[PDB]
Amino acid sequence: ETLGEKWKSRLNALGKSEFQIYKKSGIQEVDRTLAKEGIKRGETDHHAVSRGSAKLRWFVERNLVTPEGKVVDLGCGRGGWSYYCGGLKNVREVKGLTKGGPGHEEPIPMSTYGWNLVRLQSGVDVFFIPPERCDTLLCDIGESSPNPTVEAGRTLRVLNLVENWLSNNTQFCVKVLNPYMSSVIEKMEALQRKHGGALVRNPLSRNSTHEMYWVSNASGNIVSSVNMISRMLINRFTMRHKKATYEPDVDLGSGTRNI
């Protein structure tokens, strides 16, 4: 039984009030109030369709992932990672794909800076369409299940999925929902051998998720990197000063971009 499982159980043995408190004990947050209001108001400039923009930004401004050229955003959701990449210097084209439809986040049309370089389409199940060509491959797909083995299965489906989209020196940021389950650990070790990078924990993630992102421009022993998070999450179960620290949201400018 891996350390991460010991955690997942305690997580689950949590009560209504408890869980909610733990979910955010000492984590980083994005101040989205006004941005959400500007959007519900119909604004399409500056605002980020979600908090994923900020989340991606964290990896990007630390060169853990350097999006350039043709960017494919698997499970783009409302557009958070895509609209954000749409403003990055070296980016030429960004194509984001999602299931969408009733009961799922649907892409929000925006006019934020570089928007004209962004193609967003729902009604697409990435697990089956054929692989396209891409310089950078982003993927934030992975549904959380109270059942750790369910998550691991979902994570394996995602790994193999991106495995088919990764050519030789492609930039990537792939959400690895459950990296502690024996079996994902294995797959990851192989994936690392083939396409380098390492797993990295984003401070904007909630404690209720043991998610780590496989980012290209970073090294680190997989087993070692997954355990440092298992311990962190467990330490955070017992907190004093369980408050989150916020930070301003990302401003995505507005208007078109020329090449």
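Here the rigid core means the biggest group of C-alpha atoms that line up within 1.5 Å when the two forms are laid on top of each other. All residue numbers refer to positions in the sequence shown, first residue = 1.
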### Query
Following superposition on the rigid core, is the mean squared CA displacement, expressed as RMS, greater for 239-247 or for 10-18 in 5 other deposited structures of this protein?
239-247
### Task
Could you check the entry and say whether 189-197 or 207-215 has the higher mean CA B-factor?
189-197
## Note on the structure
Between 163-171 and 78-86, the record assigns the higher mean Cα B factor to 163-171
### Task
Sort the modelled residues of this chain by their C-alpha B factor and say whether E151 lands in the lowest, middle or highest third.
middle
### Query
Mind checking which third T136 falls in for C-alpha B-factor across the chain?
middle
### Query
Sorting the chain's CA B-factors, does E106 end up in the lowest, middle or highest third?
middle
### Query
Looking at the C-alpha B-factor of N178, is it in the lowest, middle or highest third of its chain?
lowest
### Message
Quick check for you: using the entry's CA B-factors within this chain, is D45 in the lowest, middle or highest third?
### Response
middle
